[PDB]
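Shown below, as structure tokens, is a lone chain in the form deposited in one PDB entry; questions about how it binds or moves come after it.
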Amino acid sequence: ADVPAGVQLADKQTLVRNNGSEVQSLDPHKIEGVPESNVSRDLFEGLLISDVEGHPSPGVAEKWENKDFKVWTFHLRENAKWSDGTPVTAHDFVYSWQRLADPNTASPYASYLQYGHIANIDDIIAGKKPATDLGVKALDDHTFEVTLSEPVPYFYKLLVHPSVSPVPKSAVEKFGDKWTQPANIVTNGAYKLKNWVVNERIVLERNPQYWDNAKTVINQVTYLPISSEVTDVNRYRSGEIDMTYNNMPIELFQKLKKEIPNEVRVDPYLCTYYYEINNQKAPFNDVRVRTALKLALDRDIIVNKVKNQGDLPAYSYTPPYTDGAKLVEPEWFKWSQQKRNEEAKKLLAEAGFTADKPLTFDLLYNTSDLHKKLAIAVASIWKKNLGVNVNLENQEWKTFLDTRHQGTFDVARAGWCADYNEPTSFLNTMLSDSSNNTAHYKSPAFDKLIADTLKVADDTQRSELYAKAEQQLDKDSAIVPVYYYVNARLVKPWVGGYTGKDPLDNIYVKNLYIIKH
């Protein structure tokens, strides 16, 4: 933290945070969500980290440089160490990025290295070359060099993501899958793992060996996994939680914004809520059926009348306020809802679906009070505007994410938040061979547009291409956009350091501090 001279610190520096769900894992190469990332950032530190304002800043690397935006050189700091006293060196990064790229790790973020365009990554992912050929190298103990096959000006912004955090080669090799148990884990972030009770709590304690330990204030942070937004808010109102998870129930949002207006933080967030369509499963592999679902959803009712929290109606995947985005609002979004419904009905009828023999499908969502409530409202709007019948289905967080990767679903609720602020953080997930492509969308026209964005000379031609890629995704109706998220949660008066101006919400518990109360 950076405590403001003139602030009284409480005597007990402990903090309880709700994390929304039980994480998939603590291994940084096996995770893909917001819950997983929240805890990861406190435990593992990569090259760069985000400041308190969300901008990229020195993490294990104290400074860095590039030649032609193609060769990136990181100068690591000499005092960087692990939780057992050993040092953090450039050899740890060479080994971690190689394990991320290796197909035997099966990371859902193995394509993150394709998004930074590291030399030989495509052949390594396809098993044609081994992971030791990856374009990374330790020039010395404190010098980590990266070779890209194409110029990537924003390469350094990708490095705050947890998938490119280092892992400890001695523990992984000795304990394999059991390396993350609290008995065997070695970490390099401000915290280390004290306890992990499945479905109950994850407790973390200050890491004496962290290079910036002098400025850490909190000594113990507890991460809860409560997926019910009502239970979370009622464990906060009644004192037991300090920072809720950032999903607010529809039931009590209203009352708390004037019952306790100063505890309700509402800020901009680079995330989009959407209904993902499995594009390869019949009859959803027909563009007419996908288009009808997209047009018949009434975003004004969902957003301004059922949710009512300040989210904005969405017409794209990439949020329009992302850095570098200049998107065109599509024709269908400008029409009246009644015209969208008659156009949607015509499309379904031409695809063989009518009243009397209607489209029926399963809608998968992850357990939650908010997603259930929205899922019931969307189902009734679709029933009313198109005559479709949807069967609701709920799965716990980690099973839900695995079902979408396996493609054993029809339509799913989904949410995607940026990893770095630039439109490819969203668009690269729709590339035909991406490991994050859970829509199972495959378009050679889309892939080429994105491939061309690294070959153009400037940022203005790049932004035009990004706009045309969103128009390609929209024309194919790969997903059904619903709203651009607002970051909304409860933050107790004593918690200090949460500004809320970071649109990625990359929060570090080492930047926080408890005030006397």
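Here, rigid core means the biggest group of C-alpha atoms that superpose within 1.5 Å across both forms. Start at 1 and count along the sequence shown; that's the residue number.
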{"property": "Per the entry, higher mean C-alpha B factor between 341-349 and 421-429", "result": "341-349"}
{"property": "Mean C-alpha temperature factor, higher of 307-315 and 117-125", "result": "307-315"}
{"property": "Largest Cα B-factor, entry values, listed residues 474, 65, 36, 464", "result": "65"}
{"property": "Residue selected from 452, 459, 27, 470 by maximal Cα B factor", "result": "459"}
{"property": "Lowest, middle or highest third - CA B-factor, residue 278", "result": "lowest"}
{"property": "Ranked against its chain, the third holding the CA B-factor of residue 491", "result": "highest"}
{"property": "Chain third (lowest, middle, highest) by recorded CA B-factor, residue given as residue 44", "result": "middle"}
{"property": "Chain thirds of CA B-factor: placement of residue 73", "result": "middle"}
{"property": "Residue 333 CA temperature factor, ranked by third within the chain", "result": "lowest"}
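In what follows, reference is made to the form deposited in another entry, a form of this protein that is not presented.
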query: Moved residue between this form and the one not shown - picked from 84, 145, 267, 402, where its Cα shifts 2 angstroms or more relative to the rigid core; finding: 402
